[PDB]
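Chemist: Build the 3D model from these lines:
(chains A, B, C, D, E, F, G and H)
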Amino acid sequence: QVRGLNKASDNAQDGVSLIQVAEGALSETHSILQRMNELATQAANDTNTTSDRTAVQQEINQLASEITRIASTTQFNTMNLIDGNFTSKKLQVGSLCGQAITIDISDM
Amino acid sequence: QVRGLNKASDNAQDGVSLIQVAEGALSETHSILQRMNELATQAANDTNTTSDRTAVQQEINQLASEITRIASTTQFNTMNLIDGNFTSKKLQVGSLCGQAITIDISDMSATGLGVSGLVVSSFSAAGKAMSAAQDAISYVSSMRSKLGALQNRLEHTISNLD
Amino acid sequence: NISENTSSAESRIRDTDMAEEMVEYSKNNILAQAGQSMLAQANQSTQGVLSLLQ
Amino acid sequence: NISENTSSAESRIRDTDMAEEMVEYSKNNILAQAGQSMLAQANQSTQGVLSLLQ
Amino acid sequence: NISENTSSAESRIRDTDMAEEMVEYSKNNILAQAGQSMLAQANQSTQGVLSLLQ
Amino acid sequence: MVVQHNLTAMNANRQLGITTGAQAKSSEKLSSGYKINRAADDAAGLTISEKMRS
Amino acid sequence: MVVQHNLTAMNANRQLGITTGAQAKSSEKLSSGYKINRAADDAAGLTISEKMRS
Amino acid sequence: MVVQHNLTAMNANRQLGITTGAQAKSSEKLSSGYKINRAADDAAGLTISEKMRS
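Modeler: Numbering: from 1, shown residues only, chains lettered A, B, ... in the order given. Okay, here it is:
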């Protein structure tokens, strides 16, 4: 029980540590979406002529490539965390067979 | 991963740092083109006599050479940045094989912007030279709009990799 | 402008970040004291031979 | 008159509001002083290892 | 006029820019304070020998 | 704690950098007097301002 | 335990050496103010920094 | 450590010399108001300037 509970305690920290990578990566998806909202708010104004909305669009394309780059690149231990493949992954957080917690992360 | 992400952060900053050299060179291409448009607007007026449009033309020929000198001379780590040949160039922006960001920079020579040979000896040609220099301000705006939007990916990348 | 940006470029490579390096300096400073402590105790460790029927 | 209006328009887009920007400067000047304080405290914070039967 | 232009030329070459030079001065006042800091720490570096079973 | 990785310090270093970044990008607007120095500040604000300058 | 070779102390010694090697590589960067003091720190970064100094 | 040779300190003494030397070569220009005080600063800066002074 003690040996098992100590691997369980370490697995819950391998679990916290994994979460903080994803919760950290999505912290810049906010910085990018807060920027895309504000850019789109600027580009909505009918004082911008075509050349100014393509000047906005260069960043709204570059930043959307960035949200995909954060998602396909953020990994922990060679596993992608927020591409939508971190579905149904179970942490073993006790001494006995199948005392799970489930990690399940939608596509970002 | 930690060692590799720290090189990816260092390379994304080596990317921001390159971009600033290009972006800050095209800032004087704008300032030369703002002057060529103002010179062309002045030479267009047919109150100018011939000698006083060739007096404008001396500054337009010299400033067009200066746009080509900004273009062929601006370098980062000995690579030319706005001669047209900084294309297909990549930043390794992660720990793994081929996690790229791409840097492409259209030609910013006086030929690449169509301001080679702005002719201002008449209202017809000096208006043609206003049109050309306002298109070239529009091109240098659109290229600096790419190099700026790209520095915003990399500031988010460095905030992310760190 | 190019001089300023390439000074910034060469600084980002070559200058010591006095904050980030003082983090690494101070790890090693405490490890040296912890390793000198562990060595000072290692030379005491085999004193336990001397009570051994001698 | 169109020049005075479109000058006023460009100045709205691009000149620094020095009033506003000196708010945002002085936030960061305090946060940098507080961050240097916290980094300087953090480097000393693991001096706690050394009493520890060492 | 040639005197004002060749004064402006020699003042380009030889008078200090007090603006620029107070950048380069203040880098060095900090690096000297930081070098004296590292040298002060470095003289106390080998204080770690003395606990060592001695 | 761990002697080998002062993560209290490494996070404090990471945050100090984010803050000296915001400081150097603010100080640029006050020394120059412009809100868009670089097209990275506002791609429309640049593109529009160059048309209003024109 | 063997009396003739204190292997716990030889490990502690050999780890003390690796620690004060790293400590001198830090102290050098703080005292000089350069990250790359020598080509063993970054051959690419020494090479690029000389082309940028140039 | 070697107790006889504090090279952590000898390198720091040496790099402090480079720093407090460079500081006195800067301080000379602020106290004097001139960039080239000595022909060692710029042989052409001195030589050109004396013809402009003349």
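
Chemist: Residue A:33 and residue B:116: what is the separation?
Modeler: To residue B:116, residue A:33 is 43 Å away according to C-beta to C-beta, to the nearest Å. (C-beta placed from N, C-alpha, C; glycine too.)

Chemist: just residue A:108 next, same as before
Modeler: Distance from residue A:108 to residue B:116, by C-beta to C-beta: 48 Å.

Chemist: Who are the packing partners of the top helix by length along chain A?
Modeler: Among all segments of chain A classified by DSSP state H, the helix with the greatest residue count is helix A:2-43. Applying 3 or more C-beta pairs under 8 Å, 6 or more residues apart in numbering or on different chains; DSSP states H and E, one finds that helix A:2-43 contacts helix A:50-73, strand A:75-76, strand A:89-92, strand A:100-103, helix B:123-161.

Chemist: Could you save these as a markdown table and add columns showing mean neighbour count?
Modeler: Listed next are the helices and strands packed on helix A:2-43 as a markdown table, based on neighbours: other C-beta atoms under 10 Å in any protein chain shown:
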| stretch | mean neighbour count |
| --- | --- |
| helix A:50-73 | 19 |
| strand A:75-76 | 18 |
| strand A:89-92 | 16 |
| strand A:100-103 | 12 |
| helix B:123-161 | 22 |
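
Chemist: Make a markdown table from the ones you listed and add distance to residue D:40 to it.
Modeler: As requested, these are exported to a markdown table (distance: least, C-beta to C-beta, whole Å):
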| stretch | distance to residue D:40 |
| --- | --- |
| helix A:50-73 | 32 |
| strand A:75-76 | 31 |
| strand A:89-92 | 37 |
| strand A:100-103 | 37 |
| helix B:123-161 | 24 |
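
Chemist: I'd like to know which of the ones you listed is closest to residue E:23.
Modeler: helix B:123-161 (25.4 Å; C-beta to C-beta).

Chemist: Not counting sequence-adjacent ones, nearest residue to residue F:35?
Modeler: Nearest non-adjacent residue to residue F:35, counting by C-beta to C-beta, 6 or more residues apart in numbering or on different chains: residue D:16, 5.0 Å away.

Chemist: can I assume that neighbour is in contact with residue F:32?
Modeler: Yes. Look at residue D:16 against residue F:32 with C-beta atoms under 8 Å: they come within range, at 7.4 Å.

Chemist: quick one, which of the two is more surrounded?
Modeler: Residue environment comparison for residue D:16 versus residue F:32 gives the larger neighbour count to residue D:16, 19 against 12, counting by other C-beta atoms under 10 Å in any protein chain shown.

Chemist: which residues touch that one?
Modeler: With contact set as C-beta atoms under 8 Å, 6 or more residues apart in numbering or on different chains, residue D:16 has these partners: F:29-30, F:32-35.

Chemist: what's the spacing between it and residue F:4?
Modeler: Note on residue D:16: its distance to residue F:4, by C-beta to C-beta, is 46 Å.

Chemist: Check residue F:52 too.
Modeler: Going from residue F:52 to residue F:4 by C-beta to C-beta gives 57 Å.

Chemist: Looking at those two, which is more packed in?
Modeler: Just comparing residue F:52 and residue F:4: by other C-beta under 10 Å the higher neighbour count belongs to residue F:52, 15 against 11.
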